[PDB]
Every structure is written in structure tokens, then in C-alpha cells.
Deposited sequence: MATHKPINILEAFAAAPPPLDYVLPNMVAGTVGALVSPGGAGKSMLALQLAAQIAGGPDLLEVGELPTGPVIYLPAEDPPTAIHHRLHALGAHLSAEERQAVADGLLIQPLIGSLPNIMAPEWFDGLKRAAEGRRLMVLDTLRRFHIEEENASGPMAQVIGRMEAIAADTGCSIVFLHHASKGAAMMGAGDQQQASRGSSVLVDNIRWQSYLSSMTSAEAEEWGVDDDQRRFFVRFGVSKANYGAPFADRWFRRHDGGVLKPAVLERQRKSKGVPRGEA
């Protein structure tokens, strides 16, 4: 991506428009990450977040978010598991809310598709898929490159390419990661399954500790502090404040 030099005098003179946030504390046009131990329901959280930005309700009750076309790229779930998740989520959506989501959200399954962002054709296809879109969700990043996630040089290139896409197209990119990467990224959120100790601080009890997860923004550089939230795993995995 390229940029005009900043016009100092203008910035001084005109009070700027509020910062455009695609997600809590995440500036639109940048790259962010959603981290979690493979088993907390990152995919469901991302689907709901994507459904919201595409037009849907704020079921998760995180701030109200601006709306825009969203593209979700699940590379680790079979199409049928996606259908079931959507059907479940839908039970919480009105006829209007469902049509909104269907209107703004495109889900392109990629399981076994072998996307490689460092390869020409995939870089080009992802860039094009990002054009005119507000958010692009990669689930999970492990499936979009063949590099060692512990090597800072290769990862700088892989994250660089996503930044190049987000900056050029204006489409924000959020990748999911199975818990380096966190040190590169400027916005990072997490999801973690409730623990013993935690099941003994607000209430509840074990055997039931698996119907709850905590979400929160672990790292950001702008905006008011986002308060860690608790979510109850309803049927099919759908998440709600609770």
C-alpha cells in the first residue's frame, strides 16, 4: 500500500472525525488477532462478531459497531458444521436480522483448500476478496501460510501481507490463532474457558464451568478500556452475555 505525506496544517486545523473502529479498540483498515486455546469456541465468537458487523444484532452485547460487508474464511470446519452453527445462531435472529446478515455476510469455506498468502495467486485472490469489504476473518491463520509461527522474519512477511491488504483496501483483517504473532499485531483479543478458580469467584460450579468463557481485549493502542466480558455457551455454541 502507498500513502500521501501527511498534511500537517490540515490535521492541526480540522478536528478529525472520530477514529473508525471496526471492533472494540481496533481501528478499521488494520490487522488484528483473536487468540484462544483450540476449544473455547473462537469460531462461534468470530461468526457472531462477523454477523454483527454485517448488519446483525449485538447479541454478544459488546459495543454497537458500524456496519459493512464482511467475508468469513473458515479453513478448519467442514461446510456442514458451518450450517449447523448458522442455524443455531439464527434461532436468536428475527426475520429482519437474518436477512440483514445474509445481505452483508459472505462465508467462503476453505477446508482442504490450502490457501497460502505468501503465494501469488492466493495473495491476489485475498486482496480482491477484501475490496469493498469492512472485515475479513481468517479462521485460523495456521491454514493460510506454511511458515514457522515462531520465526519473526517469516511472520513479519505474512503479517506484512495482511497489513498491505487491509491498508490498501480499507478492509480490516482479523485472524484467529490457536494459543511471535502477538508481538507484531497491534490489536489482540482473547477467549478462554472458565477455570476452577474462576468458577469460584462470581458463582457457578464445576461440571458447569464449560458453559462459560471470558472475552476481552488483551492488547490495543486506542480507545477507552474494553471491559472483560463473560459469555454463556447456549445450544450449538451460540454466545450471549449471561
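Engineer: Go through the deposited sequence from residue 1 and tell me which stretches lack C-alpha coordinates, in order.
Structural biologist: Absent from the structure are positions 1, 181-200, 264-279.
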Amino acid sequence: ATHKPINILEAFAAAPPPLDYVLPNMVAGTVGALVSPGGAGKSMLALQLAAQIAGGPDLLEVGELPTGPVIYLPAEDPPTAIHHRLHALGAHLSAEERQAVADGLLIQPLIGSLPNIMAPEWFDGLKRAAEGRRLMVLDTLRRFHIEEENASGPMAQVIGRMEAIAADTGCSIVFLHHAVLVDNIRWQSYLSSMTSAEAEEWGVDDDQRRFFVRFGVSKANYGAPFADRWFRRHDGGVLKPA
From here on, numbers count along this sequence of modelled residues.
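Engineer: Mean C-alpha B-factor higher for 142-150, or for 97-105?
Structural biologist: Looking at the record's C-alpha B-factors, the answer is 97-105.
Engineer: On average, are the C-alpha B-factors higher in 20-28 or in 222-230?
Structural biologist: Stretch with the higher mean C-alpha B-factor: 222-230.
Engineer: Identify, among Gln52, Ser36, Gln208, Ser43, the residue whose C-alpha carries the highest B-factor in the deposited PDB entry.
Structural biologist: Across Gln52, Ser36, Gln208, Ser43, the entry lists the biggest C-alpha B-factor for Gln208.
Engineer: State the tercile, meaning the lowest, middle or highest third, of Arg214 with respect to the CA B-factors recorded for its chain.
Structural biologist: Highest third.
Engineer: Give the position of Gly68 by CA B-factor within its chain, expressed as the lowest, middle or highest third.
Structural biologist: For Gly68, the deposited C-alpha B-factor lands in the lowest third.
Engineer: Where does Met194 sit by CA temperature factor within its chain: lowest, middle or highest third?
Structural biologist: For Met194, the deposited C-alpha B-factor lands in the highest third.
Engineer: Check where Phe175 lands among this chain's C-alpha B-factors and tell me if it's the lowest, middle or highest third.
Structural biologist: Lowest third - that is where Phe175 ends up once the chain's C-alpha B-factors are sorted.
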